[PDB]
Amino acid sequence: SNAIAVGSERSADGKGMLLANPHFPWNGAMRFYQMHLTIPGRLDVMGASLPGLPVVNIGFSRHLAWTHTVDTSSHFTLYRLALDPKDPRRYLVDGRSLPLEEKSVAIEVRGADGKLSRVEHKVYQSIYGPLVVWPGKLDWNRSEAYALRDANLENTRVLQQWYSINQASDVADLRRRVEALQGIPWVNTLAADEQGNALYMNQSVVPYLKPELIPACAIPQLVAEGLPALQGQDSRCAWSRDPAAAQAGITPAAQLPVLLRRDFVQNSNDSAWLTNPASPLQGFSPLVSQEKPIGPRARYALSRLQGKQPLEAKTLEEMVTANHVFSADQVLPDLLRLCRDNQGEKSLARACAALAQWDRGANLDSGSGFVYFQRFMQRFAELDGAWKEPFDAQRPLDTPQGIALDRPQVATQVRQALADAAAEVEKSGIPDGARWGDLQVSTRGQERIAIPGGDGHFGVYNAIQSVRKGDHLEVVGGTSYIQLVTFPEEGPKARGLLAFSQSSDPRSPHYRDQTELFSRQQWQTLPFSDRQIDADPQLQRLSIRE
């Protein structure tokens, strides 16, 4: 997901502005739904929410707009258990053997005969939480096992937290309300207000360990691989208690990253670090935020946001609707050089022509070059030291860049990867005249609607994930609820769409109406004031009671 908040120092009108571009499933329990909620005099908020929740999750009100992105902070820890050498159902804490608890659950299963039978299953639990097995990595043998402590199991504040956000007046109020309750489970929050403040908060529920405990409490080999794993045989590796935290064992709000500025803040699912490069966020716990290389979506955003030129609503909208495949910027120039260097190779001819003609986009009319580029990048990602300029922490926005074609071993492997990618594309059932929109679709009844965008891993800001189904790529997730909010004098102006439409039901008048609009990238007013609502010639009203 992407989020951009612009403040008074950079906005065209000197006020706040927010782009919300969550990338979430197109079906199921996380399918966004638009609604506007009003209790006259004390609540007036509009946005979109996940199924079953009577609050607005991403939205705006009279003076405020906010959104969320999945963060890089840990929201659980694994605990490696040292098993009792005499009994693999017992584990050691400070050298003392403790029994595992056994909780049985019973499930009814409908069989082939249509009758129900009862299945009983035993869940083993430690003082930390339930045991988990990843065969071949996190096993349960006679020496060790792994338990999982989820910090959000004790977060009973989640709904109150969003309802409180729904009642927030401005950025300062929003910050107070989130830091006070600490009910946000696993997302960043970004916001802008009418006065022109731009806010980023990495304010969620995160296991807390005091700094001095981390060196000895971490499992070195697992933390190196990005798993929050701790030593479960030492009581001193329990999550630390701090009276200032809203929940025992979680990180106090003062210790989590916050950036409050008047130019911009952004996030595309990387850590807090480069939210705004002019002011890096550093020195946090490894469970909270680390200085890891940013992904190409953030790199794309920063290439467009940095500088002195004012940002207008149109600028932020077009960062989505351009469908620019930003990963091409690092790779395609040198790849085309390699192509020109190998004009004798008939195995490369079709691929190289397609890449040369490609508009570097994931637009509906983008050529098969995007497909060739995707299959090449999947292989390029697996090559060792093929970057001309590797990632440089002192140039975190401009590296990695280019192919190290001057190394003979790289040139060979890169050509082979292109040869292999071309063979794969040609083995598939795609005519070379077909364009991206001919391939990527969302099915609605018996028909298909062409969908622009591409995988976020290729640096397409309008991230769309698809899977092969039948003869097409079926969209499964990505750009979902779009909201672009500014604050002109009359009241908040919100523009956007719900890409997959309000209703998941094929019978509904609102099953595919916004999907047709998403396909054509035609965003619409999100009416909020009574004047806007009353101006809508489709306005319908129903009052209900019981």
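The numbering used is simple: start at 1 and walk along the sequence shown. Here the rigid core means the biggest group of C-alpha atoms that line up within 1.5 Å when the two forms are laid on top of each other.
After superposition on the rigid core, the larger root-mean-square Cα deviation in 9 other deposited structures of this protein belongs to 425 to 433, not to the other of 425 to 433 and 397 to 405. Remark: when the other structures in 9 other deposited structures of this protein are fitted onto this one via the rigid core, 339 to 347 deviates more than the alternative among 339 to 347 and 274 to 282, judged by RMS CA distance.
Higher mean CA temperature factor, per the PDB entry, when comparing 211 to 219 with 226 to 234: 211 to 219.
Stretches compared: 385 to 393, 438 to 446. Higher mean C-alpha B-factor in the entry: 385 to 393. Of the candidates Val425, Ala147, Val187, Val205, the PDB record gives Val425 the highest C-alpha temperature factor. Taking only the listed residues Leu174, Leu311, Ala192, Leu287, the entry reports the highest CA temperature factor at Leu311. The deposited CA B-factor of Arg157 belongs to the lowest third of values across its chain.
The PDB entry assigns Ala20 a C-alpha temperature factor belonging to the lowest third of its chain's modelled residues.
When the modelled residues of the chain are ordered by C-alpha B-factor, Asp334 sits in the highest third. When the modelled residues of the chain are ordered by C-alpha B-factor, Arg142 sits in the middle third. In this PDB entry, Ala362 carries a Cα temperature factor that places it within the middle third of its chain's modelled residues.
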